[PDB]
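Next up is one chain by itself, shown in structure tokens, the form deposited in one PDB entry.
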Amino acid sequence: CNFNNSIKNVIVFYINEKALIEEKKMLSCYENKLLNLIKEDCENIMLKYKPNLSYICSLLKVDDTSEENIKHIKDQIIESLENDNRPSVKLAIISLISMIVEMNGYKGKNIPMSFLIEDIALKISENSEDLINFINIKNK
């Protein structure tokens, strides 16, 4: 009955944007500083190790956005972080997921991507002191 997905996409984006704004306001001063350090580091990783990350994305077949494959990607990343949980690798995974979202996009409509983000962030937050130690040592 005469649907218009351009309307739908704009509304989804508009509301998501309003939510991101709210989440930003709710970030504490400590979280904001943390966010700034993570952004600088992971964008730096994006620059220097783009060929390494692009290769990972090829291995994971990120172009394939089927539910079956997005889960295979999550499980692979999760299991990788388990067998190698160094702070350095955790930061590369953040950069990696940044590359994935920039390649295929993410409106939240894809719930499996939501699980990937949540579970990986949780794993990265484990053994926090090792990660904070690595980050602050990096900013000198």
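The term rigid core refers to the most C-alpha atoms you can superpose between the two forms while keeping them within 1.5 Å. Only residues modelled in both forms are compared. All residue numbers refer to positions in the sequence shown, first residue = 1.
Colleague: On mean C-alpha B-factor from the PDB entry, just flag whether 11 to 19 or 127 to 135 is the higher one.
Modeller: It is 127 to 135 that shows the higher mean C-alpha B-factor.
Colleague: For the C-alpha atoms alone, is the average B factor greater in 59 to 67 or in 93 to 101, going by the entry?
Modeller: Taking the mean B-factor of the alpha carbons in each, 59 to 67 is higher.
Colleague: Report the third (lowest, middle or highest) to which the CA temperature factor of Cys29 belongs, ranking only the modelled residues of the same chain.
Modeller: Its C-alpha B-factor, which the entry lists for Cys29, ranks in the highest third among residues of this chain.
Colleague: Going by the entry, which third of its chain does the Cα temperature factor of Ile38 land in?
Modeller: CA B-factor rank for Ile38: middle third.
Colleague: In terms of the CA temperature factor given in the entry, to which third of its chain does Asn110 belong: lowest, middle or highest?
Modeller: Highest third - that is where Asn110 ends up once the chain's C-alpha B-factors are sorted.
Colleague: Please rank the C-alpha B-factors of the chain's modelled residues and tell me whether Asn52 sits in the lowest, middle or highest third.
Modeller: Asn52: CA B-factor falls in the lowest third of its chain.
Colleague: When the deposited Cα B-factors of this chain's modelled residues are ordered and cut into thirds, is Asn83 in the lowest, the middle or the highest one?
Modeller: Tercile = highest for this residue's CA B-factor.
Only in words, not in the display: the form deposited in another entry, which the text now covers.
Colleague: In a fit on the core, which one among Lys107, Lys50, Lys33, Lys39 has a Cα that moves 2 Å or more between this form and the one not shown?
Modeller: Between the two forms, the residue that moves is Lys107.
Colleague: On a core-based superposition, does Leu122 travel 2 Å or more at its Cα between this form and the one not shown?
Modeller: No: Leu122 shifts by under 2 Å between this form and the one not shown.
Colleague: Against the rigid core, is the Cα displacement of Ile132 between this form and the one not shown at least 2 Å?
Modeller: No, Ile132 moves less than 2 Å.
Colleague: Between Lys109 and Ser54, do the C-alpha atoms lie closer or farther in that other deposited form than in the shown form, with a difference of 3 angstroms or more?
Modeller: It is closer: in that other deposited form, the C-alpha atoms of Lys109 and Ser54 lie at least 3 Å nearer than they do here.
Colleague: Could you tell me whether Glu118 and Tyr106 have their C-alpha atoms closer or farther apart in that other deposited form than in the shown form, knowing the shift is 3 angstroms or more?
Modeller: Farther apart, by at least 3 Å.
Colleague: Where does the chain move between this form and the one not shown, taking runs of at least 3 residues whose CA atoms all shift 2 Å or more after fitting the core?
Modeller: After superposition, residues 2 to 12, 106 to 109 shift as runs.
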